[PDB]
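# Results of the structural survey
Each chain is listed here by its residues.
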Amino acid sequence: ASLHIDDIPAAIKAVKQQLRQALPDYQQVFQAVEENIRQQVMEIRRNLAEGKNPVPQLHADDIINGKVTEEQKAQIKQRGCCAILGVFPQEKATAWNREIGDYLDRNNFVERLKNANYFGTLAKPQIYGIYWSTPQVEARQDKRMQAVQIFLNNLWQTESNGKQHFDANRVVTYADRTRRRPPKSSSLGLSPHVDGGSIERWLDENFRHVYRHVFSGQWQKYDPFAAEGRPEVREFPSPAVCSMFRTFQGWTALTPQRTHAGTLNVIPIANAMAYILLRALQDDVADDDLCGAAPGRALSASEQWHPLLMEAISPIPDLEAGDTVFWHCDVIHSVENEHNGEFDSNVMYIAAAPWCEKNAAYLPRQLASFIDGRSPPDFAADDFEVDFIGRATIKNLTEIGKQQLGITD
Ligand SMILES: O=C(O)CCC(=O)C(=O)O
Ligand SMILES: [Mn+2]
């Protein structure tokens, strides 16, 4: 279930020499993939200079009524991201914003964090280690959020070789954190990156099965929405490991989101991973390096090794309290360093996780932390909400809220 390598630099030299032999024309393949990424980069910059946003936008009512056309789905799968509006009523989402604020003010969350290490003393928090607020629990179990997540999961190819790699019609809940960012606040440093593994995409054999069409030279056949092999990838044991397989990451806007307001940026290129994988196999890269990728860190995309992709960094469309935005698990994303806007940028991290044997194993340990009010196993054991006034319990759960947490009822 996990990857174990003692000497990583030596393994990189061995694997790169192994990949270069199986693909002796690795430079010819890269310059053709670069041509496919270049035209997408230029198409993205055409829209931004024109007044449009390259991130596709949909309304939740269109999804629920079944009005999404096949061309809208093809644009989501090519961009690898989607902003979905009106998932929750704006009146409730704006109230959810002030409920979490009162939830933190009531239990004195600021002083608790300080009282709970010099490096811990440094860490004005903007990402909050709370997981069981009433707005968080209620939004995960909303029927409109569930229908949206079912639609996103049905964009994937779930079946191959007589095997259903996940259930796109069943949804599980992955408890995550929340973000509250005020204007003129300090940057976090979330440079363009990809979550879910870094050098493991080259070293682990299960990862190379997902990207087998890239390493074989037939890059045109690589589908970022093919589920085969993705729940079986191995990562290094690190705090940056998500125990669940998420088809789409995403959050819900508690406050209006604006450009140059310290909010999310994305590179809307679904197959950008093909460019990154073949980039590290070129000759201007040292034999022991995979373009700065490090174990235990998110796969970084920089101006030094990927100047073409940096040109396509696009802000997300303007959102209101109640709109959501999702992006593929291989999509490069980042957060604006400065918040020069007026309204704060508060979001709730709520991804889209389908049912599979891998995700089902995480539910019992996740539910145990909910009943206790502790932190989920994938996060630092802060256990802030153990004695919190107003913490959401099982009494706050609906029938959908219990089926998605593994509760049998
Ligand atoms: O835009 C945010 O709120 C954080 C984005 C991010 O780094 C993530 O969710 O992985
Ligand atoms: Mn991230």
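Residues numbered from 1 in each chain as written, not as in the entry; some residues may be left out. Chains lettered and ligands numbered in written order. Heavy atoms only, no water.

### A word on the site of ligand 1
Short version of the rule: Here a residue counts as near a molecule or strand whenever at least one of its heavy atoms sits within 4 Å of it. What qualifies as a polar contact is a pair of N or O atoms within 3.5 Å, subject to a donor-acceptor requirement within protein and to the restriction that residues adjacent in sequence count only when both atoms come from side chains. Note on areas: Shrake-Rupley with a 1.4 Å probe; residue coverage comes only from the protein chains shown. A run of H or I in DSSP becomes a helix once it reaches four residues, and a run of E becomes a strand once it reaches two; helices and strands are each numbered from the N terminus. Residue polarity follows a fixed list, in which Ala, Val, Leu, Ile, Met, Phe, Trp, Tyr, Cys and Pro are nonpolar, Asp, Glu, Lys and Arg are charged, and the others, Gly among them, are polar.
Residues in close proximity to ligand 1 include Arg179, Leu190, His193, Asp195, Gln249, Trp251, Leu264, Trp327, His333, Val335, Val347 and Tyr349, which together make up its full environment. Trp251 places a side-chain nitrogen or oxygen 3.4 Å from an oxygen atom of ligand 1. Contact distances for ligand 1 include 3.0 Å between an oxygen atom and a side-chain N or O atom of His333. Protein chains bury 90% of the 300 Å² of accessible surface belonging to ligand 1 in isolation. Within the residue set of the shell around ligand 1, elements represented by two or more residues are β7 (248-253), β12 (333-335) and β13 (345-349). Of the residues assigned to the shell around ligand 1, the class counts are seven nonpolar, three polar and two charged.

### As for empty space enclosed by the protein
The condition is simple: Both site types are read off a 1 Å grid over the protein atoms alone. A 1.4 Å probe that fits but cannot get out defines a cavity, while an open set with protein on both sides within 12 Å along at least five of seven lines defines a pocket; lining residues have an atom within 4 Å of a point. Grid points are joined across faces, edges and corners, and a volume is the space filled by probe spheres set on the points.
Estimated volume of the largest cavity: approximately 70 Å³. Surrounding the largest cavity, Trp132, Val137, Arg140, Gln141, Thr173, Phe370, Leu397, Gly401, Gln404 and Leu405 form its lining. Residues belonging to the lining of the largest cavity are distributed by class as follows: five nonpolar, four polar and one charged. Approximately 60 Å³ is the volume found for the second largest cavity. Of the residues that constitute the lining of the second largest cavity, the class distribution is five nonpolar, three polar and one charged.

### A word on the coordination of the manganese ion (ligand 2)
Convention followed: Only N, O and S atoms count as donors, using a 2.8 Å cut-off from the metal and 3.2 Å for Na, K and Ca, and because water is excluded some sites may appear unfinished. Relative accessibility thresholds used throughout: buried, under 20% of the residue-type maximum; exposed, over 50%; partly exposed, between the two (1.4 Å probe, protein chains only).
Bound to the manganese ion (ligand 2) are the protein donor atoms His193 (NE2), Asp195 (OD) and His333 (NE2), situated 2.1 to 2.2 Å from the metal. Each donor residue of the manganese ion (ligand 2) belongs to the same chain, and together they define the spacing H-x1-D-x137-H. Residue classification places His193 among the buried residues on the basis of a relative accessible area of 10%. A relative accessible area of 25% means that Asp195 is categorised as partly exposed.

### Notes on unusual backbone geometry
One non-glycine residue, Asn108, adopts positive backbone phi at about 55°. Topologically, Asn108 is positioned in the loop between α5 (90-106) and α6 (109-115).

### Quick word on the pairing of β7
What counts here: Pairs of strands are assigned from DSSP output, requiring at least two bridges between the strands.
Counting buried residues along β7, six of its six residues qualify, which places the element largely inside the surrounding structure. Note: β7 against strand β11 (residues 324-328), five bridges, orientation antiparallel. The residue of β11 that forms the bridge with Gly250 is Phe326. As paired elements, β7 and β13 share three bridges and run antiparallel to each other. Considered in β13, the bridge of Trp251 is made with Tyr349.

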